[PDB]
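A short worksheet on the structure shown next.
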Amino acid sequence: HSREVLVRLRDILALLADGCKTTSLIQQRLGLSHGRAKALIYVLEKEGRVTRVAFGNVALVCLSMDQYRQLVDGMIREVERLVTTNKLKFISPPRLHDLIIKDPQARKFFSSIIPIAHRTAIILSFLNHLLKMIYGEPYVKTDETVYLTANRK
Ligand SMILES: [Cl-]
């Protein structure tokens, strides 16, 4: 590869060594345009070095499906810790976002996966997908989704 491509491919793989990340986080961390980041991730995918896993409307870039499963296990443990600590009987994407950004450990963890600082449509969709994976289909479906924590699994 060219100097720019070789260095960037190397950098993306290094960034992923510590865990799966969204393309948005990769772009931000490495100062890449959307197009360059996507093109580079494509090259890595064709080379067998990464896998793209759909996670709602975002894609997670992972070194392996094992790495993905580790990420999911971690995200699930963090959500369940926040639910337990706050004794929650129900949860919604905005409420989960708020618990994450207010808890230093959760905030550090999630911000190493996806931009999380601001309550955007994107992050709400991401957290909604996570909640649905943990608790199944929501009890309240329109406007703000509400999940019953009793429905875990
Ligand atoms: Cl090249």
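Every residue, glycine among them, receives a Cβ derived from its backbone with ideal geometry; neighbour counts consider all protein chains shown. What follows draws every value from the coordinates through simple rules; no lab data is involved.
Quick notes
- Options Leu6, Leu44, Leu40: the member that is of a type in the set (A, V, I, L, M), loosely packed, with under 12 Cβ neighbours inside 10 Å and within 15 Å of the ligand (Cβ to nearest atom): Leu6
- The stretch 105-138 - residue that is of a type in the set (S, T, N, Q), under 12 Å from the mean Cα position of the chain (by Cα) and in a helix (DSSP H, G or I) and, of those, nearest to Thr22 (Cα to Cα): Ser111
- Boolean, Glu144 is in a loop (DSSP other than H, G, I, E, B) and surrounded by fewer than 20 Cβ atoms within 10 Å (Cβ to Cβ): yes
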